[PDB]
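Engineer:
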Amino acid sequence: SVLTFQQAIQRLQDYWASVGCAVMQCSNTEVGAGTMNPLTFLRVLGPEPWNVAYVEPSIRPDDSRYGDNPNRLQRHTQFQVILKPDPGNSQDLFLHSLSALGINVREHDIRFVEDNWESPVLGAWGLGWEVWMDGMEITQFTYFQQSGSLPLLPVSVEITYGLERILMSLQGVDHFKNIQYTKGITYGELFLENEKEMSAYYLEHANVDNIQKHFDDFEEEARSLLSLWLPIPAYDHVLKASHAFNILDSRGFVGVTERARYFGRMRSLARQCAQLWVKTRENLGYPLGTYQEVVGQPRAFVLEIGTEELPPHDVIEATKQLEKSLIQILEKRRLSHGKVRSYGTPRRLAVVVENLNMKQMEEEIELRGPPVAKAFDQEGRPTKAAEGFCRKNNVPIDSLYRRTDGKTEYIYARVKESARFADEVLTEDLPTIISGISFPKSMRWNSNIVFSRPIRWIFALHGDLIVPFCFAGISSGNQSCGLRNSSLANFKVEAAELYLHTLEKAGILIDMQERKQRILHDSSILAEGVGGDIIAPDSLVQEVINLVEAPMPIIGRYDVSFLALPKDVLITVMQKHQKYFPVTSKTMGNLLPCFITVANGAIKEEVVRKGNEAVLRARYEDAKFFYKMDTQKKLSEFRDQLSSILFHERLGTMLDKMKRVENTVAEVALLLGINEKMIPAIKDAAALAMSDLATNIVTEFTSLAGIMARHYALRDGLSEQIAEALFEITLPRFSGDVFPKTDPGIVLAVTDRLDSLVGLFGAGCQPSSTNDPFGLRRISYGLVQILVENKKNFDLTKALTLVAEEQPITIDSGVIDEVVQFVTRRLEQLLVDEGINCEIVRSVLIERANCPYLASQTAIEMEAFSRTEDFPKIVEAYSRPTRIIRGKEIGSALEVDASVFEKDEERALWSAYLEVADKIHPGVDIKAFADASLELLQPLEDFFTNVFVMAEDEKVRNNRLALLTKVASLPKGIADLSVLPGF
RNA sequence: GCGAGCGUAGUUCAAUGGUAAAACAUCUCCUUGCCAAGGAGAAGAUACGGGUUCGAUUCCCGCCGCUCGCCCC
């Protein structure tokens, strides 16, 4: 038969009542979610056992949609299970319950996808997954780590069943009202009374006069009750205080600045209320309980650390951190290995080392004792150092010999190495090599050991005997588990040599790169059935590979009516949420009504497709509804209602930013030198620039921001010279993306970057090396890339002042210099990325930092010129005079003259300087620089050898100093010769 | 508050249970006199305290200050 709603509860309660949980009633006050119940938030704190499963309604006014959208409701029923402490069968009891509910496990793709839950409202976080069943997200699984502010001890396991969608996906209905509550009655005919009127109340009839005066009253009452050591009512009032904030948010009378205040007040109250329950319960003595705590031949060596599911971006790191650090320890312990190779899978990190000997290399080593002079006197017995050395290393005195090195030659002795049996070494060393792995995030399950996910078994084998060592309370043995619910639930490996053959007997494709050649070899074969090809982005396949133990591709179909949507919406929906493979025809290369998904294991073919297409054709209904509602009005009207998006608390929303950009675009369009004839269209592009951010299709599809504006503009009936400008206001979006290539778009891009930098530097928000409050480095790197990779002249210090003029607040002259220095420092980092020597760019950029393109075309050429074998000659000559200038500055008062000039050497040098100064101007490049400076070198030697520039007469000294300074000042405007390596 | 990483000439850097190395800068001098260019020498140091050992820049502990997460925000 078909499962009904009122007996799924009866099957989910009588099951958890047999494991040992104590079922209780629902909440009392309107809870905004399934966690804020006092039976879970206040009871996980403190060392007492707690096993509870219950069912509760959840009310969220923010998700009210008049009860028409088949996905979002204002009242959904959840099932909560809390286990503490975790008994080790955490994710096996869940599968047993799922089987007992009525659905089979052997014919449904049940997989875990990593998802980290975190809620700043009450201060909690943890690590866990969401359970996918044929593409439906039906269950949340989470190991807690922290509640309020206390650290959990011991950690707890939370299993949340979203019960309204399980039956909606199991029965086969498409709407939500079509769910049947019982045999005879339905869900949509008795639970819409508390839906429609509640939606109407939460949307446009909730009187806001009383809510904003009940919120503070409840906060004050909660504080007063908490001050009297009354925990339960104090926390009870917090729930009805936090409900008022949500109902205020639903109406829309909360600004973007009071949100932080409300969140801070609520979290402070929750933090100061949570740490009172622990202090209250400790005085009662914890009535519930308390928690505590002969030579052979080289044979193979296998190490496997069987854990639970790991994120797709941690297997790659761990399988390298293990093998790289393991191929080093055996070298430290003078072991002899063969071919070492590591394998990774979402449930294990194996390393196989072949031909590992059973013994160590017993060889003698020569030590290095004290100096011979110190340890041996001129006459008599050797001093105390020699005897100390002998008694330390247990060697005879005659064994000492003298070898000549350094000043004091040496004292040397020969000692053994104490060869062990090559098994005790591994026994004593493995607990360090295993624990040496580190991850960006970690957790604990039953001890104080840090790891990405819980470890469930360890299989460390060498030849025929087992290496005995215990890690995290697990003893290493000779058993390994394969596919769950399969016939080979757990198998025994008799010898480490016959290991990789056993796993492929269980169907597991352990090799990391082998799975790619079986995914992409079948996905292409399945395409030719309809005459097409797949789309395989690297960032998609790299993550699809590390989610499957034994891949199996299946194709599926959907209706053609969804082809009217934009091409970049279907691809985004397919590839960013469900991780499918789109299909494109070879001829007329648009989208096709097909998709390819990857199952996991041995599953029924028909059921997975029939249950997966019903999700793919359920997402597109929402997408099409949003698109149709979003194309009712043209793009012009959306520019007014963007004020709900804040830019900065001190600067404001996006409307002010757009007005500033459209005001200051004219000057920037003139600094870049773009012709006047194109100035009108630019002034119109900013009229609609960055207006897609308030649209409906972009509210939830963040990645589509920037292109949907172009699509709307094209549909509106505007010229093609403005849609490209609208689209290219966000490029580049990520590293490696394309750059703007149309002239009107460059102006908008650089104007936006400059305004965003100036505004955020006006409030003083300089990021550090680690934190990125706004990613200003990314913006600067985009700006310099746009300026350089497009060959456009610019003046940074002149444009920045103009940009800062229209800022709402006055900004001092130090911020512009700080921004210029920051951009210069980023330009240096960019220029040292293509192999340019650091000392060359470091010298060019201290003088050519104004126009980035000029600097990029000068520093890429001066390095190439520096290999002419004459570069050091010019470097030595030009600034040989410079080191004389520093010191006395009396000669700077006057300049040269032809009255007190001395013998013809200085006159010839001055004539040569006058000749060469004509070709050197600040607007010259370096092509003719050295070719013109070569003629000045010859008189310089004669001058410095035959003028005696020593200051004997004040007038001649001043004149000579001035002449020398003006000779040495020529490169002022081209490059500097201080950071020069030749110097 | 709570973890890690650290600390050697003025700067940059070598090594290991044992008489502390090298560049650069400074200085003293030899070339025809002042800078460049060839040579010789000089001085220059283990953040600080204790413990054990014949003997620790090295092993253990205390403190000083720096840098990074977390706390706060």
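Residue numbers for the first sequence, in the entry's author numbering: 70 to 362, 379 to 1068.
Every residue gets a Cβ at the ideal spot worked out from N, C-alpha and C, and that includes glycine.
Give the list of continuous alpha helix (DSSP H) stretches no shorter than 4 residues that lie fully inside the region 983-1027.
Structural biologist: 989-1002, 1014-1018
Engineer: Measure the beta-carbon distance from residue 115 to residue 350 and round it to whole angstroms, keeping in mind my assumption that it falls under 8 Å.
Structural biologist: 5 Å
Engineer: Under three-state DSSP, which class holds residue 188?
Structural biologist: For residue 188, the three-state secondary structure derived from DSSP is strand.
Engineer: Beta-carbon within less than 6 Å of residue 908's beta-carbon, same chain only, minus the 5 sequence neighbours each way: which residues are those?
Structural biologist: 865
Engineer: Give every residue of the same chain whose Cβ lies closer than 7 Å to the Cβ of residue 1013, excluding the five residues on either side of it in the sequence, and list them in chain order.
Structural biologist: 1004
Engineer: Starting from residue 883, follow its DSSP beta bridges and name the residues at the other end.
Structural biologist: In the DSSP output, where bridge partners are listed per residue, residue 883 has none listed.
Engineer: Which same chain residues end up closer than 7 Å to residue 306 when comparing Cβ atoms and leaving out the 5 residues on each side of it in sequence?
Structural biologist: 287, 290, 291, 294
Engineer: Which same chain residues end up closer than 8 Å to residue 315 when comparing Cβ atoms and leaving out the 5 residues on each side of it in sequence?
Structural biologist: These residues qualify, in order along the chain: 101, 129, 130, 131.
Engineer: Skipping 5 residues on each side, what residues in its chain have a beta carbon closer than 7 Å to that of residue 397?
Structural biologist: 628, 631, 632
Engineer: Can you tell me which residues form a DSSP beta bridge with residue 153?
Structural biologist: 119
Engineer: Count the other CB atoms, across all protein chains shown, that sit within 10 Å of the CB of residue 943; report buried if there are 16 or more and exposed otherwise.
Structural biologist: Around the C-beta of residue 943, 16 or more other C-beta atoms lie within 10 Å, and the residue is accordingly described as buried.
Engineer: Spatial neighbours of residue 648 within its chain, please: CB distance less than 7 Å, with the 5 preceding and 5 following residues excluded, ordered by chain position.
Structural biologist: 676
Engineer: For the alpha helix (DSSP H) containing residue 300, name the first residue and the last one.
Structural biologist: 300-320
Engineer: Do you know whose CA, among 1065, 969, 275, 1017, lies nearest residue 1048's CA?
Structural biologist: Checking every option, the nearest Cα to that of residue 1048 belongs to 969.
Engineer: Could you check which residue in 654, 926, 198, 757 has the C-alpha nearest to that of residue 879?
Structural biologist: 757
Engineer: Measure the beta-carbon distance from residue 614 to residue 669 and round it to whole angstroms, keeping in mind my assumption that it falls under 8 Å.
Structural biologist: Wrong, their Cβ atoms sit about 14 Å apart, outside the cutoff.
Engineer: Tell me the DSSP secondary structure of residue 577 in three-state form.
Structural biologist: strand
Engineer: Hey, residue 892 and residue 844 are a contact pair by Cβ (cut 8 Å); roughly how many whole angstroms apart?
Structural biologist: 6 Å
Engineer: Pair every Cβ in the region 789-803 with every Cβ in the region 718-727, then say whether three or more of these pairs are closer than 8 Å.
Structural biologist: yes
Engineer: Taking 8 Å as the cut-off, does the region 539-548 touch the region 391-408 (at least 3 CB pairs, one atom from each stretch)?
Structural biologist: Yes, since at least three Cβ pairs between the region 391-408 and the region 539-548 fall closer than 8 Å, the two stretches touch.
Engineer: Rounded to a whole number of angstroms, what is the C-alpha to C-alpha distance between residue 232 and residue 146?
Structural biologist: 6 Å
Engineer: Would you list the residues sitting across from residue 733 in a DSSP beta bridge?
Structural biologist: 737
Engineer: Is it true that the CB of residue 817 sits closer than 8 Å to the CB of residue 766?
Structural biologist: no
Engineer: Please name the residue in 93, 874, 301 whose C-alpha comes closest to that of residue 343.
Structural biologist: 301
Engineer: Can you name the start and end residues of the beta strand (DSSP E) that residue 209 belongs to?
Structural biologist: 205-216
Engineer: Between the region 910-918 and the region 933-948, can you find at least three pairs of beta-carbon atoms closer than 8 Å?
Structural biologist: yes
Engineer: Using a Cβ-Cβ cut-off of 6 Å (strictly less than) and excluding sequence neighbours within five positions of residue 366, which residues of its own chain qualify?
Structural biologist: The chain lacks coordinates between 362 and 379, the interval that contains residue 366.
Engineer: Quick one: complete alpha helix (DSSP H) runs, 4+ long, within the region 389-454?
Structural biologist: 400-417
Engineer: For residue 732, which option in 700, 805, 842 has the closest C-alpha, if you only look at C-alpha atoms?
Structural biologist: 842
Engineer: Residue range of the beta strand (DSSP E) that residue 679 falls in?
Structural biologist: Residues 676-685.
Engineer: For residue 352 and residue 569, I'd like the C-alpha separation in whole angstroms.
Structural biologist: 46 Å
Engineer: Please name the residue, chosen from 226, 255, 635, 229, that lies closest to residue 240 on a Cα-to-Cα basis.
Structural biologist: 255
Engineer: Straight-line CA distance for residue 584 to residue 578?
Structural biologist: 7 Å
Engineer: Which residue or residues does DSSP assign as beta-bridge partners of residue 550?
Structural biologist: 547
Engineer: I want to know whether the region 802-816 touches the region 826-840 - three or more CB-CB distances under 8 Å.
Structural biologist: yes
Engineer: Assuming residue 1043 and residue 972 are in contact, meaning their beta carbons sit under 8 Å apart, how far apart are those beta carbons, in whole angstroms?
Structural biologist: Not really, about 13 Å apart at Cβ, beyond 8 Å.
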